[PDB]
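Here is the structure we will look at, set down as structure tokens.
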Amino acid sequence: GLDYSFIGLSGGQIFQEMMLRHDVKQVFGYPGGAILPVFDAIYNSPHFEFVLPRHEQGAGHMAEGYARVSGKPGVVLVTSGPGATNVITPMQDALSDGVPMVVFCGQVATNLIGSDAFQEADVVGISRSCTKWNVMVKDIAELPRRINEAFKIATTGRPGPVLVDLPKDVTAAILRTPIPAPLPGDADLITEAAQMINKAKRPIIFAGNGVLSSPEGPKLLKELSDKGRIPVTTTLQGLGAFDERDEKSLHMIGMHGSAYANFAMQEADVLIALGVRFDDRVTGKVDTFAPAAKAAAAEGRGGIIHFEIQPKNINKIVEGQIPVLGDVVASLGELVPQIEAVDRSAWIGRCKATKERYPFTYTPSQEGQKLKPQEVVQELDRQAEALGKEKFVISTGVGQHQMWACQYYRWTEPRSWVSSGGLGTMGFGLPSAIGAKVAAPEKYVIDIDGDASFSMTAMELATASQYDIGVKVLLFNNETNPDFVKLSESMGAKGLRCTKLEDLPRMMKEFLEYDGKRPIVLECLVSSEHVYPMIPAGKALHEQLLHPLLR
Amino acid sequence: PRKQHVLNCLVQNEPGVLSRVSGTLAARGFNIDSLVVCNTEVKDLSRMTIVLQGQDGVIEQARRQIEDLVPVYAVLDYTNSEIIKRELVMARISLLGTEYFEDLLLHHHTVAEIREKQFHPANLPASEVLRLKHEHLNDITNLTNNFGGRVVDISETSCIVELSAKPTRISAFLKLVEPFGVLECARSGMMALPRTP
Ligand SMILES: Cc1cc2nc3c(=O)[nH]c(=O)nc-3n(C[C@H](O)[C@H](O)[C@H](O)COP(=O)(O)OP(=O)(O)OC[C@H]3O[C@@H](n4cnc5c(N)ncnc54)[C@H](O)[C@@H]3O)c2cc1C
Ligand SMILES: CC(C)[C@H](N)C(=O)O
Ligand SMILES: Cc1nccc(N)n1
Ligand SMILES: [Mg+2]
């Protein structure tokens with residue numbers, strides 16, 4: 001009844017075996033005296049590629065982007081004290097956006113814990129609030145089970161970050177003794193939802209990050225939309241779950257979503273919410289959100305159908321008339337076989353009409369002045385669509401550029417969208433891109449960052465050049481700011497600068513054509529504008545604020 | 001309607017979950033008015049009762065947030081249900097009376113008139129001090145017997161009473177025994193178990 005797999009192994013040897021048991025091939029971290037027994041056991045092991053960023057915050061964001069592309073937990077390995085506390089921001093971000101992440105951090109020897117020794121911090125207590133679950137391995141015999149629980153927790157339910165505090169004397173010890181050794185929702189409720197969907201006069205699908213959990217999600221979302229002739233809209237984190245070049249596809253919905261998705265969501269009598277928490281930046285004003293769904297529910301002819309795996313997110317912001325607790329990709333599996341195709345020409349026509357009457361628009365740079373920001377994204381969308389949209393992964397910082405990427409770049413590929421939407425951490429774009437390019441080295445990994453966001457993590461370009469990680473940085477600048485060209489080429493990023501629409505296609509092509517194993521920055525002198533459409537404070541979604549030439 | 005709520009949690013008996021559960025309520029700006037937590041017969045499980053004030057709306061989403069926690073297996077909002085409210089209190093009460101009692105109150109912040117009061121022990125023979133300590137003891141015993149309590153310890157100067165009843169009865173008994181001079185007390189905070197009545 002005893003397990004001998006780990007007898008005679010040190011803490012780091014137990015560790016690398018536990019990493020292999022979880023198909024962990026890529027780790028991110030930073031060394032330190034409190035985690036050296038574990039650091040030297042992984043760096044020098046050839047099973048794991050190790051990436052040493054310039055900041056432990058980068059490691060966490062690099063693990064986030066790595067986890068978004070490769071739907072598997074990003075492993076982080078930082079030292080105690082300052083090292084671990086630097087990962088607090090990336091850790092809360094993973095928890096806010098549901099990113100699988102496992103943080104192993106060092107700690108002083110167990111006899112020094114609590115003595116406020118050198119580099120001792122209550123890491124288990126600091127991470128406690130911002131992590132899904134944490135633990136401090138108090139004896140080496142606990143190490144294999146605590147790691148199993150760490151990965152299990154980080155990857156089940158709504159994915160999230162976990163932190164495992166590793167004392168120096170525990171991981172430097174030797175274990176001289178053995179140790180003891182996708183489900184859908186309720187069938188009748190799924191059936192109830194399908195029958196409500198089939199009888200719906202004008203339904204809408206609302207896709208979130210939960211659809212991207214399994215590669216079968218978007219395949220079944222396409223099936224639900226085709227077999228039901230139902231339009232689809234997505235959260236900012238649902239980008240890629242549905243092919244936006246589909247005519248059925250409304251685009252992103254929310255504060256800065258598309259006017260047609262904001263309009264159609266308010267007219268729809270049935271909501272098919274698939275793995276989405278109803279953020280305040282999605283609903284606008286909670287009581288005014290989906291009034292046609294609210295009224296259709298009062299008469300029993302429709303309402304909100306909610307597929308969530310976390311019970312705390314059901315009926316937490318919007319009363320769902322048919323809650324379907326469970327995995328959405330598994331719930332969809334029993335759903336789309338019960339969807340009967342019905343004529344919805346009028347409904348699609350209504351949406352397609354508004355989709356052509358209120359598109360994302362903007363007055364282009366009339367003269368030869370600085371670029372309008374939408375022009376830089378539109379040229380990227382055109383050239384990426386020609387090069388092959390499936391070959392692209394795109395990350396962003398947090399700012400105006402983040403919304404431009406959601407508005408003027410068309411999203412087609414599942415798990416090709418790496419942005420901070422829950423916490424909104426600026427500087428996320430560059431390390432997450434470095435983590436994305438690591439999970440998919442063969443793909444065009446583009447980072448759409450702004451001058452302020454890029455400035456919070458720009459030193460990680462040195463990490464991209466050191467490891468031949470060819471991230472292609474699309475930098476939006478407006479002006480107090482440095483010379484980002486000389487800045488980038490300081491650390492090996494052979495960047496260049498563009499400044500005119502007539503100049504834009506050549507610079508965009510040369511920037512995409514650059515060596516995929518060599519980082520490059522395309523700085524764009526951009527005239528920052530406002531973001532339209534927008535939802536004012538305390539206004540409904542259909543009280544949207546399109547303005548340029550649509551008032 | 002800021003009402004009082006009682007939460008019963010089945011929770012894992014690992015370190016930190018009290019800090020995690022206590023912190024989850026503090027995130028919402030909740031003051032724990034009382035909390036009781038102990039092991040179950042299952043060594044790796046703990047049951048806890050949490051008492052706080054808030055409107056049912058906010059308290060419900062707080063309860064649903066707590067239940068989401070990994071070490072938390074169930075949280076029941078027993079407030080709007082038939083529960084049995086009880087609370088254990090221990091109290092050490094001086095037998096020397098409100099005269100002498102001020103000396104102690106004065107000297108744990110440090111008297112001329114107080115030590116000249118008629119029924120201060122310095123102005124009384126040793127027996128009337130003995131008789132009055134037992135008279136005060138007899139009053140405290142009759143009082144604690146009437147509420148369903150028990151006199152657990154007796155010393156030369158004081159005594160310890162133990163009482164378990166409704167939290168209303170507990171507050172009433174403490175206020176009722178206050179003028180004897182409560183040296184120190186320890187009430188458990190409200191504990192509850194749902195009833196089928
Ligand atoms: C500047 C800025 C502006 C923004 N404005 C907008 C906007 O206008 N519109 C917009 O949509 N967003 C916007 N956001 C992002 C917004 O704040 C939210 O982060 C976003 O709406 C997240 O939506 P989501 O539910 O799809 O993702 P998440 O927050 O990650 O929620 C996904 C849900 O799916 C569930 N889930 C996960 N896996 C499964 C599974 N296997 N089965 C079932 N359920 C599962 C999870 O429990 C989770 O509740 C903005 C962000 C920023 C930084
Ligand atoms: C169950 C709980 C009280 C646990 N003993 C803790 O240390 O938080
Ligand atoms: C990271 C970060 N800091 C400040 C603001 C913001 N949006 N994001
Ligand atoms: Mg800017």
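Scheme for the structure tokens: letters A, B, ... for chains in order shown; per-chain residue numbers from 1; ligand numbers from 1 in order shown.
Selected on chain A by distance to chain B: residues 124, 125, 128, 129, 132, 133, 135, 153, 310, 311, 312 and 316 of chain A (within 9 Å, counting only C-alpha atoms).
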Run DSSP on the backbone and tell me which residues of segment 2-174 of chain B come out as strand (DSSP E); list them as a PyMOL selection string. chain B and resi 3-12+32-39+45-54+72-77+83-94+150-154+158-165
Surrounding residues as a ChimeraX atom specification, ligand 3, max 12 Å, only C-alpha atoms and all ligand atoms: /A:57,89-90,92-93,397-400,402,420-429,450,452-457
Would you output that residue set with N, CA and C atoms, as a PDB file, in the first residue's frame?
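See again_11.pdb below for the written result:
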ATOM      1  N   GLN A  57       7.645  39.303 -12.668  1.00  0.00           N
ATOM      2  CA  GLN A  57       6.324  39.613 -13.204  1.00  0.00           C
ATOM      3  C   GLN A  57       6.199  39.135 -14.642  1.00  0.00           C
ATOM      4  N   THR A  89       0.876  40.243  -8.992  1.00  0.00           N
ATOM      5  CA  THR A  89       0.060  40.831 -10.052  1.00  0.00           C
ATOM      6  C   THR A  89      -0.266  39.831 -11.154  1.00  0.00           C
ATOM      7  N   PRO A  90       0.693  39.099 -11.731  1.00  0.00           N
ATOM      8  CA  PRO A  90       0.309  38.075 -12.717  1.00  0.00           C
ATOM      9  C   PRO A  90      -0.578  36.993 -12.138  1.00  0.00           C
ATOM     10  N   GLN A  92      -2.977  37.349  -9.610  1.00  0.00           N
ATOM     11  CA  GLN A  92      -4.336  37.878  -9.556  1.00  0.00           C
ATOM     12  C   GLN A  92      -4.937  38.008 -10.947  1.00  0.00           C
ATOM     13  N   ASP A  93      -4.108  38.315 -11.948  1.00  0.00           N
ATOM     14  CA  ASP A  93      -4.616  38.427 -13.311  1.00  0.00           C
ATOM     15  C   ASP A  93      -5.093  37.079 -13.829  1.00  0.00           C
ATOM     16  N   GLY A 397      -1.617  44.857 -24.854  1.00  0.00           N
ATOM     17  CA  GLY A 397      -1.538  45.487 -23.553  1.00  0.00           C
ATOM     18  C   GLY A 397      -2.929  45.840 -23.072  1.00  0.00           C
ATOM     19  N   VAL A 398      -3.028  46.941 -22.338  1.00  0.00           N
ATOM     20  CA  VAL A 398      -4.302  47.395 -21.800  1.00  0.00           C
ATOM     21  C   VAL A 398      -4.417  48.884 -22.080  1.00  0.00           C
ATOM     22  N   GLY A 399      -5.330  49.249 -22.968  1.00  0.00           N
ATOM     23  CA  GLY A 399      -5.511  50.648 -23.298  1.00  0.00           C
ATOM     24  C   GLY A 399      -6.468  50.794 -24.453  1.00  0.00           C
ATOM     25  N   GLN A 400      -6.295  51.891 -25.191  1.00  0.00           N
ATOM     26  CA  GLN A 400      -7.069  52.089 -26.410  1.00  0.00           C
ATOM     27  C   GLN A 400      -6.728  51.026 -27.447  1.00  0.00           C
ATOM     28  N   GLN A 402      -5.914  48.109 -27.086  1.00  0.00           N
ATOM     29  CA  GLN A 402      -6.578  46.852 -26.770  1.00  0.00           C
ATOM     30  C   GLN A 402      -7.953  46.782 -27.420  1.00  0.00           C
ATOM     31  N   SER A 420      -5.393  40.766 -21.324  1.00  0.00           N
ATOM     32  CA  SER A 420      -5.809  40.907 -19.935  1.00  0.00           C
ATOM     33  C   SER A 420      -7.127  41.671 -19.911  1.00  0.00           C
ATOM     34  N   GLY A 421      -8.223  40.965 -19.640  1.00  0.00           N
ATOM     35  CA  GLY A 421      -9.539  41.576 -19.653  1.00  0.00           C
ATOM     36  C   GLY A 421     -10.193  41.679 -18.292  1.00  0.00           C
ATOM     37  N   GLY A 422      -9.885  40.740 -17.402  1.00  0.00           N
ATOM     38  CA  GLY A 422     -10.461  40.744 -16.072  1.00  0.00           C
ATOM     39  C   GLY A 422      -9.786  41.726 -15.139  1.00  0.00           C
ATOM     40  N   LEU A 423      -8.457  41.669 -15.072  1.00  0.00           N
ATOM     41  CA  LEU A 423      -7.700  42.586 -14.231  1.00  0.00           C
ATOM     42  C   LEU A 423      -7.214  43.809 -14.991  1.00  0.00           C
ATOM     43  N   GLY A 424      -6.982  43.679 -16.295  1.00  0.00           N
ATOM     44  CA  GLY A 424      -6.550  44.796 -17.107  1.00  0.00           C
ATOM     45  C   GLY A 424      -5.160  45.283 -16.761  1.00  0.00           C
ATOM     46  N   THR A 425      -4.204  44.362 -16.684  1.00  0.00           N
ATOM     47  CA  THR A 425      -2.841  44.713 -16.305  1.00  0.00           C
ATOM     48  C   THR A 425      -2.096  45.281 -17.506  1.00  0.00           C
ATOM     49  N   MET A 426      -1.664  46.534 -17.402  1.00  0.00           N
ATOM     50  CA  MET A 426      -0.831  47.116 -18.442  1.00  0.00           C
ATOM     51  C   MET A 426       0.563  46.498 -18.408  1.00  0.00           C
ATOM     52  N   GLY A 427       1.186  46.424 -19.580  1.00  0.00           N
ATOM     53  CA  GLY A 427       2.427  45.700 -19.723  1.00  0.00           C
ATOM     54  C   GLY A 427       2.259  44.215 -19.920  1.00  0.00           C
ATOM     55  N   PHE A 428       1.021  43.730 -19.998  1.00  0.00           N
ATOM     56  CA  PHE A 428       0.777  42.304 -20.168  1.00  0.00           C
ATOM     57  C   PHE A 428       1.147  41.834 -21.568  1.00  0.00           C
ATOM     58  N   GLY A 429       1.089  42.732 -22.552  1.00  0.00           N
ATOM     59  CA  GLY A 429       1.194  42.307 -23.939  1.00  0.00           C
ATOM     60  C   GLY A 429       2.530  41.676 -24.276  1.00  0.00           C
ATOM     61  N   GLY A 450       0.651  49.543 -26.304  1.00  0.00           N
ATOM     62  CA  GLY A 450       0.687  50.988 -26.314  1.00  0.00           C
ATOM     63  C   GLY A 450       1.918  51.521 -25.594  1.00  0.00           C
ATOM     64  N   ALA A 452       2.334  53.430 -23.069  1.00  0.00           N
ATOM     65  CA  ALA A 452       2.354  53.353 -21.612  1.00  0.00           C
ATOM     66  C   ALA A 452       2.405  51.909 -21.125  1.00  0.00           C
ATOM     67  N   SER A 453       1.645  51.013 -21.765  1.00  0.00           N
ATOM     68  CA  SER A 453       1.677  49.602 -21.386  1.00  0.00           C
ATOM     69  C   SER A 453       3.028  48.983 -21.704  1.00  0.00           C
ATOM     70  N   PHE A 454       3.515  49.189 -22.929  1.00  0.00           N
ATOM     71  CA  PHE A 454       4.814  48.656 -23.318  1.00  0.00           C
ATOM     72  C   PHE A 454       5.898  49.083 -22.338  1.00  0.00           C
ATOM     73  N   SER A 455       5.772  50.286 -21.770  1.00  0.00           N
ATOM     74  CA  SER A 455       6.815  50.800 -20.890  1.00  0.00           C
ATOM     75  C   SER A 455       6.873  50.070 -19.554  1.00  0.00           C
ATOM     76  N   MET A 456       5.853  49.293 -19.211  1.00  0.00           N
ATOM     77  CA  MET A 456       5.845  48.614 -17.922  1.00  0.00           C
ATOM     78  C   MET A 456       6.575  47.281 -17.944  1.00  0.00           C
ATOM     79  N   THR A 457       6.796  46.707 -19.125  1.00  0.00           N
ATOM     80  CA  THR A 457       7.473  45.421 -19.223  1.00  0.00           C
ATOM     81  C   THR A 457       8.471  45.360 -20.374  1.00  0.00           C
TER      82      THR A 457
END
Which residues, written as number ranges by chain, have at least one atom at most 6 Å from residue 249 of chain A, with only C-alpha atoms counted and residues fewer than 2 positions away on the same chain left out? A: 231-232, 244, 246-247, 251
Filtering to C-alpha atoms, could you give me those residues as a short mmCIF file (atom, residue, chain, number, x, y, z; two decimals), in the first residue's frame?
data_model
loop_
_atom_site.label_atom_id
_atom_site.label_comp_id
_atom_site.auth_asym_id
_atom_site.auth_seq_id
_atom_site.Cartn_x
_atom_site.Cartn_y
_atom_site.Cartn_z
CA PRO A 231 -26.14 34.80 -34.52
CA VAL A 232 -23.12 34.70 -32.24
CA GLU A 244 -15.86 36.61 -37.08
CA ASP A 246 -18.93 34.48 -40.69
CA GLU A 247 -21.96 36.52 -41.76
CA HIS A 251 -18.53 40.63 -33.13
#
Name the residues, by chain letter and number, that sit within 6 Å of ligand 1 using only C-alpha atoms and all ligand atoms, and give them as a PyMOL selection string. chain A and resi 97-98+158+208-210+213+235-238+253-257+275-277+279+281-282+307-310+313+326-328+398-399+420-422+424
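Summary of the local environment: counting only C-alpha atoms, residues at most 12 Å from residue 43 of chain B, other than itself and those fewer than 6 positions away along its chain, are residues 11, 12, 13 and 14 of chain B.
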Would you write out those residues with C-alpha atoms, as a PDB file, in the first residue's frame?
ATOM      1  CA  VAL B  11     -14.576  23.252   5.966  1.00  0.00           C
ATOM      2  CA  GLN B  12     -11.245  21.492   5.563  1.00  0.00           C
ATOM      3  CA  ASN B  13      -8.949  21.283   8.579  1.00  0.00           C
ATOM      4  CA  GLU B  14      -5.773  22.507   6.903  1.00  0.00           C
TER       5      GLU B  14
END
Pick out the closest residue to ligand 4 from this set: A:473, A:448, A:76, A:250. Count only C-alpha atoms and all ligand atoms. A:448
What's the 10 Å shell around residue 520 of chain A, counting only C-alpha atoms, without same-chain residues fewer than 2 positions away, as a list in words? residues 446, 461, 464, 465, 470, 471, 472, 473, 474, 485, 488, 489, 492, 493, 494, 495, 496, 511, 512, 514, 515, 516, 517, 518, 522 and 523 of chain A
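The residue that comes closest to residue 415 of chain A, out of A:243, A:479, A:343, A:356 and on the basis of only C-alpha atoms, is A:243.
For the choices A:67, A:197, A:179, A:534, the atom-to-atom distance to residue 341 of chain A is smallest for A:197 when using only C-alpha atoms.
Take atom CA of residue 144 of chain B and atom CA of residue 183 of chain B: the distance between them is 16.0 Å.
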List the neighbours of residue 190 of chain B out to 9 Å using only C-alpha atoms; skip same-chain residues closer than 6 positions along the sequence, and give me the result as a PyMOL selection string. chain B and resi 6+34-36+49-51+85-88+166-167
DSSP helix (DSSP H, G or I) selection over segment 386-447 of chain A, as a ChimeraX atom specification: /A:386-387,389-391,400-408,429-439
